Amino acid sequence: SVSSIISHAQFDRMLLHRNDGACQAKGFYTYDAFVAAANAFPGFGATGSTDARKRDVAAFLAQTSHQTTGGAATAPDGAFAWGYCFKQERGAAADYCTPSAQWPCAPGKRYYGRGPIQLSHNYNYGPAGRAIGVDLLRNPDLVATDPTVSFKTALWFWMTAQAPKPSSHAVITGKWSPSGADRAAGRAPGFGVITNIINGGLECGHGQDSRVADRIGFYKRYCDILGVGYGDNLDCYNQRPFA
């Protein structure tokens, strides 16, 4: 299903420079791990028309490519050939432990960005771990050391609604109906609101933002490679964050 939408050759063309010496994650991210992870989430790249499936895969890889980018405008083959360069948040400044009864933080552990989606916060490591059958509150480092677990956490985030946010998967496959609150916030279906779902607090609703732009650059390149249109509403420059 994922392999029916994106081949090993297409995966490598997209993630062209991930195994450069300039990349910390060199050798970590493999096509096999990506495919293995996708087996845990049967709807991913397998929901809707062939175009919707292509957008699902392209948007996933584009958003995650930005999360982990080592790109620069004048980098070899352009900024959008340098996704999946990192696997751990650079100079992570925080524990990212927001106390709650639901997701207790493990002593001495930190929930900074790890893996393709740069999964952060105890409140994401908790449910991600539960979904994949691995205790990620106690062993968050596993997101940075096991490639299959790494991709699975990213797909978990992609596929999972967290009210009032829909899943990014639902958005990109055209299965999301904005609420009245969404309409008032200027959140229309498209790649843009996915950026908002992932990191809208820091990136959205304040006009031009180079991180938002970077995500779109990867998306357009990956859509061109798979042979699919981008859809509408690619940015979140004028979207209020979800909270």
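Sequential numbering from 1, following the sequence displayed.
Two stretches are in play, 200-208 and 54-62, and the higher mean C-alpha B-factor belongs to 200-208.
When the C-alpha B-factors of 30-38 and 191-199 are averaged, 30-38 comes out higher. Per the deposited coordinates, the residue with the largest Cα temperature factor out of 120, 98, 160, 88 is 98. When all modelled residues of the chain are sorted by CA temperature factor, residue 110 is found within the middle third. In the deposited entry, the Cα temperature factor of residue 184 places it in the highest third of its chain's modelled residues. Residue-level temperature factors show residue 148 in the middle third of its chain, judged at the C-alpha atom. When the modelled residues of the chain are ordered by C-alpha B-factor, residue 217 sits in the lowest third.
Per-chain ranking of the deposited C-alpha B factor places residue 93 in the highest third.
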